[PDB]
Amino acid sequence: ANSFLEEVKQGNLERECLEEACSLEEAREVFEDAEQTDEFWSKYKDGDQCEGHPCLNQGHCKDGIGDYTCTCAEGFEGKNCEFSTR
């Protein structure tokens, strides 16, 4: 397959290649992901877990299949930082 890969403008984990950006051709060997090779795959098909904006109140988001993670700022609260204390 010769396309954006011939010159991978840039390969990210599951957050950037969440769409047609990549899937296995470019998102493989681009990261030290040794176990993510499998873990990353097999249990993915979830939008990457960050798709949908699980975090809230200016909360960041650390994906990685096997579920994801979020990040509330200083003055935030709730699972998705929903309760912006400030």
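Chain A uses Swiss-Prot numbers throughout; the residues present, in order, are 41-126.
In case you wondered, yes, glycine gets a Cβ from its N, Cα and C as well.
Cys57 (disulfide bond) falls within a helical segment according to DSSP. Marked as disulfide bond by Swiss-Prot: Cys57-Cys62 (among others).
Using a 10 Å Cβ-Cβ cutoff, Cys90 (disulfide bond) registers 21 neighbours. Residues or ranges marked as disulfide bond by Swiss-Prot: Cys90-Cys101 (among others).
Counting only same-chain residues six or more apart in sequence, the Cβ atoms lying under 8 angstroms from the Cβ of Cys110 (disulfide bond) belong to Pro94, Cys95, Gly99, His100, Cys101, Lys102, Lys119, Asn120, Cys121. Taken from Swiss-Prot, the feature disulfide bond covers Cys95-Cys110 (among others), and the record attributes it to experimental evidence.
Under the heading disulfide bond, Swiss-Prot lists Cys112-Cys121 (among others), citing experimental evidence as support. DSSP assigns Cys121 (disulfide bond) to coil in the three-state reduction, placing it in neither a helix nor a strand. Every protein chain shown contributes to the tally, and the Cβ of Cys121 (disulfide bond) ends up with 20 other Cβ atoms within 10 Å.
In the domain 'Gla' (41-85), the DSSP tally of helix, strand and coil residues is 3 helix, 0 strand, 42 coil. Summarising the annotation, Swiss-Prot assigns domain 'Gla' to 41-85 and lists sequence analysis as the type of evidence.
Positions annotated as domain 'EGF-like 1' by Swiss-Prot: 86-122.
What Swiss-Prot records for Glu46 (among others) is 4-carboxyglutamate. In this view, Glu46 (4-carboxyglutamate) is surrounded by 7 other Cβ atoms within 10 Å of its Cβ, with every protein chain counted.
Swiss-Prot lists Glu47 (among others) with the feature 4-carboxyglutamate, giving experimental evidence as the kind of evidence. Cβ environment of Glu47 (4-carboxyglutamate): no same-chain residue six or more positions apart lies under 8 Å away.
The 4-carboxyglutamate annotation in Swiss-Prot covers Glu54 (among others) and rests on experimental evidence. Sequence-distant contacts of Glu54 (4-carboxyglutamate), defined by Cβ-Cβ distance under 8 angstroms and a gap of at least six in the same chain, are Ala67, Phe80, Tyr84, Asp88, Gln89, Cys90, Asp103, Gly104, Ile105.
Annotation comment: Swiss-Prot describes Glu56 (among others) as 4-carboxyglutamate. Less than 8 angstroms from the CB of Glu56 (4-carboxyglutamate) sit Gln50, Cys62, each of them six or more residues away in the same chain.
What Swiss-Prot records for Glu59 (among others) is 4-carboxyglutamate, and it gives experimental evidence as the kind of evidence. Sequence-distant neighbours of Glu59 (4-carboxyglutamate): no residue of the same chain at least 6 apart has a C-beta under 8 Å from its C-beta.
Under the heading 4-carboxyglutamate, Swiss-Prot lists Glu60 (among others).
Taken from Swiss-Prot, the feature 4-carboxyglutamate covers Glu65 (among others), and the record attributes it to experimental evidence. Other Cβ atoms within 10 Å of the Cβ of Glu65 (4-carboxyglutamate) number 15 in total over all chains.
Summarising the annotation, Swiss-Prot assigns 4-carboxyglutamate to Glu66 (among others) and lists experimental evidence as the type of evidence. In this view, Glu66 (4-carboxyglutamate) is surrounded by 20 other Cβ atoms within 10 Å of its Cβ, with every protein chain counted.
Per Swiss-Prot, 4-carboxyglutamate is recorded for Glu69 (among others). For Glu69 (4-carboxyglutamate), applying a Cβ distance below 8 Å and a minimum sequence separation of six or more within one chain yields no residues.
Annotation comment: Swiss-Prot describes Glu75 (among others) as 4-carboxyglutamate, evidence class experimental evidence. Counting Cβ atoms from all protein chains shown, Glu75 (4-carboxyglutamate) has 7 others lying within 10 Å of its own Cβ.
According to DSSP, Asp103 ((3R)-3-hydroxyaspartate) sits in a coil region rather than a helix or strand.
A count of other CB atoms within 10 A of each Cβ picks out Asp103 as the most crowded of the modified residues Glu60, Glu79, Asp103.
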